[PDB]
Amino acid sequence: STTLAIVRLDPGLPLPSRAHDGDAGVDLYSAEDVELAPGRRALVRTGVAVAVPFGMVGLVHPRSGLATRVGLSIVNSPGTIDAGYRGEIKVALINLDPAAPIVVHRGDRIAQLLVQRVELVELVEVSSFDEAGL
């Protein structure tokens, strides 16, 4: 029900979509062709920008299946997209396989985007946890 406004910065890519109604995330595609040699990383453009609602957070997870099979991961997983970030979502892909290079083609699914509420907690410093109402 909650709406996620999304802009296809690169109109040549398919609009991300939820494969199944209950799926936690939507796959993001790569806007560029990139080849990751064993152990190497790259900041890859997804060609999309989103407006995560205040009080929520966008999270970029690596995909399972073949992606995991070949050792594709994300350096800063879970990628954190803040409510105020309106820029292009980029994925810090990293090939965790010791010998087999990973070839990323433009249009390839490289990650999945989830949206969850986040507790924008107010940090209150205390000398110790022996505080009433902790």
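For clarity, a rigid core is taken as the largest C-alpha set superposing within 1.5 Å between two forms. Residues carry their position along the shown sequence, with the first being 1.
Higher-deviation stretch (C-alpha RMS, rigid core fit) in 8 other deposited structures of this protein, choosing from 46-54 and 67-75 = Farther from the shown form on average in 8 other deposited structures of this protein: 67-75.
Return whichever of 96-104 or 58-66 has the larger RMS Cα deviation from the displayed form in 8 other deposited structures of this protein, where every structure is aligned on the rigid core.
-> This comes out as 58-66, the stretch further from the shown form in 8 other deposited structures of this protein.
Pick between 107-115 and 15-23: the one whose mean CA B-factor in the entry is higher.
-> Averaged over C-alpha atoms, the B-factors run higher in 15-23.
Comparing 32-40 with 60-68, where is the mean C-alpha B-factor higher?
-> Averaged over C-alpha atoms, the B-factors run higher in 32-40.
Quick one: which of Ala83, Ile89, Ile102, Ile74 has the biggest Cα B-factor according to the entry?
-> Going by the entry's C-alpha B-factors, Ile102 comes out highest.
With respect to C-alpha B-factor, does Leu120 fall in the lowest, middle or highest third of the chain as deposited?
-> CA B-factor rank for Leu120: lowest third.
Compared with the other modelled residues in the chain, in which third is the CA B-factor of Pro78?
-> Answer is lowest: the recorded C-alpha B-factor places it there.
Modelled-residue ranking by C-alpha temperature factor, third containing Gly55 = It falls in the bottom third of the chain.
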